[PDB]
Amino acid sequence: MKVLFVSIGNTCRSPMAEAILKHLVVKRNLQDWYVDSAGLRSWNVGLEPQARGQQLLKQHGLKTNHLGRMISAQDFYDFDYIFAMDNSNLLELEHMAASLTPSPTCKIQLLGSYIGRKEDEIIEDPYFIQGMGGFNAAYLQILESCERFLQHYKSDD
Ligand SMILES: [Cl-]
């Protein structure tokens, strides 16, 4: 129903994940789904996703509007899943959640743990990787991750 993707910058991995899952739920015609993304630093806040990721997305029929924003405390109460790309992200989000006095009930998880191959768990930050190889690996990891995640949430178990 409500899913938040989280990357450190909210400018590469998380906006791509947001747009990808947004596409999947329409191509699967699901309801009542809400997908968003947020970040853990002010670095790229208030800007649009990094241009070479919007290109890779367009090259797959997807587009993103998204302005980089920080995760807020409210986010932890308004989402069912919050997905980290990194174990760094995960640890910061786990510390964050435990600092909120009414403990939240969002599930906070490494998105890549749905891939099913531990050697492919980690979705690396492509921001500083020269060329497109970092974005391409991340896109594929994010796509499979979202696919297996949806397969699991619809399942009767
Ligand atoms: Cl398609």
# chains A, B, ... in the order shown; residues from 1 in each chain; ligands from 1
call {"tool": "closest_atom_pairs", "arguments": {"of": "chain A", "to": "ligand 1", "cutoff": "12 Å", "atoms": "only C-alpha atoms and all ligand atoms", "output": "Markdown table"}}
result
| residue | atom | partner | partner_atom_place_in_ligand_line | distance |
| --- | --- | --- | --- | --- |
| A:20 | CA | ligand 1 | 1 (Cl) | 9.9 |
| A:21 | CA | ligand 1 | 1 (Cl) | 11.6 |
| A:22 | CA | ligand 1 | 1 (Cl) | 11.8 |
| A:23 | CA | ligand 1 | 1 (Cl) | 8.1 |
| A:24 | CA | ligand 1 | 1 (Cl) | 8.3 |
| A:25 | CA | ligand 1 | 1 (Cl) | 11.5 |
| A:26 | CA | ligand 1 | 1 (Cl) | 10.5 |
| A:27 | CA | ligand 1 | 1 (Cl) | 7.8 |
| A:28 | CA | ligand 1 | 1 (Cl) | 10.7 |
| A:57 | CA | ligand 1 | 1 (Cl) | 11.4 |
| A:58 | CA | ligand 1 | 1 (Cl) | 11.7 |
| A:59 | CA | ligand 1 | 1 (Cl) | 11.0 |
| A:60 | CA | ligand 1 | 1 (Cl) | 7.4 |
| A:61 | CA | ligand 1 | 1 (Cl) | 7.5 |
| A:62 | CA | ligand 1 | 1 (Cl) | 9.2 |
| A:143 | CA | ligand 1 | 1 (Cl) | 11.1 |
call {"tool": "select_by_dssp", "arguments": {"residues": "region 11-131 of chain A", "states": "helix (DSSP H, G or I)", "output": "PyMOL selection string"}}
result
chain A and resi 13-27+51-58+73-78+87-99+111-114+118-120
call {"tool": "residues_around", "arguments": {"residues": "residue 48 (chain A)", "least_positions_apart": "5", "cutoff": "10 Å", "atoms": "only C-alpha atoms", "output": "count of residues only"}}
result
11
call {"tool": "select_by_dssp", "arguments": {"residues": "region 29-154 of chain A", "states": "strand (DSSP E)", "output": "ChimeraX atom specification"}}
result
/A:34-39,81-84,107-110
call {"tool": "closest_residue", "arguments": {"among": "A:85, A:140, A:71, A:146", "to": "residue 97 (chain A)", "atoms": "only C-alpha atoms"}}
result
A:71
call {"tool": "decode", "arguments": {"residues": "region 48-61 of chain A", "atoms": "N, CA, C and O atoms", "output": "short mmCIF file (atom, residue, chain, number, x, y, z; two decimals), in the first residue's frame"}}
result
data_model
loop_
_atom_site.label_atom_id
_atom_site.label_comp_id
_atom_site.auth_asym_id
_atom_site.auth_seq_id
_atom_site.Cartn_x
_atom_site.Cartn_y
_atom_site.Cartn_z
N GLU A 48 16.04 17.93 -8.82
CA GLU A 48 15.48 16.80 -9.55
C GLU A 48 16.49 15.67 -9.65
O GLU A 48 17.70 15.90 -9.50
N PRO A 49 16.05 14.44 -9.93
CA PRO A 49 17.00 13.31 -9.96
C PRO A 49 18.12 13.58 -10.95
O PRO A 49 17.95 14.29 -11.94
N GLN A 50 19.28 13.01 -10.64
CA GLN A 50 20.46 13.30 -11.43
C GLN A 50 20.22 12.92 -12.89
O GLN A 50 19.66 11.86 -13.18
N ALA A 51 20.68 13.78 -13.79
CA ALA A 51 20.19 13.76 -15.17
C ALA A 51 20.43 12.42 -15.85
O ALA A 51 19.57 11.93 -16.60
N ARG A 52 21.57 11.78 -15.59
CA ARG A 52 21.84 10.53 -16.29
C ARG A 52 20.94 9.39 -15.83
O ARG A 52 20.91 8.35 -16.49
N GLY A 53 20.19 9.56 -14.74
CA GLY A 53 19.26 8.55 -14.28
C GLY A 53 17.90 8.76 -14.90
O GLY A 53 17.19 7.81 -15.23
N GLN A 54 17.53 10.04 -15.07
CA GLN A 54 16.32 10.36 -15.82
C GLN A 54 16.44 9.91 -17.26
O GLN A 54 15.43 9.54 -17.89
N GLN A 55 17.65 9.91 -17.81
CA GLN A 55 17.86 9.40 -19.16
C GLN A 55 17.64 7.90 -19.20
O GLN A 55 16.82 7.40 -19.98
N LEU A 56 18.37 7.16 -18.36
CA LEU A 56 18.18 5.72 -18.30
C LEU A 56 16.71 5.36 -18.08
O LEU A 56 16.19 4.42 -18.69
N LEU A 57 16.01 6.14 -17.26
CA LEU A 57 14.59 5.89 -17.05
C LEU A 57 13.78 6.12 -18.32
O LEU A 57 12.99 5.26 -18.72
N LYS A 58 13.95 7.29 -18.97
CA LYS A 58 13.27 7.55 -20.23
C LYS A 58 13.55 6.46 -21.25
O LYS A 58 12.63 5.98 -21.93
N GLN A 59 14.80 6.05 -21.37
CA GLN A 59 15.15 4.94 -22.23
C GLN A 59 14.37 3.66 -21.90
O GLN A 59 14.35 2.74 -22.73
N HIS A 60 13.69 3.60 -20.75
CA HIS A 60 12.81 2.48 -20.42
C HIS A 60 11.35 2.89 -20.31
O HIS A 60 10.55 2.18 -19.70
N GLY A 61 10.99 4.03 -20.89
CA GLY A 61 9.62 4.48 -20.90
C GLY A 61 9.15 5.11 -19.61
O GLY A 61 7.96 5.40 -19.48
#
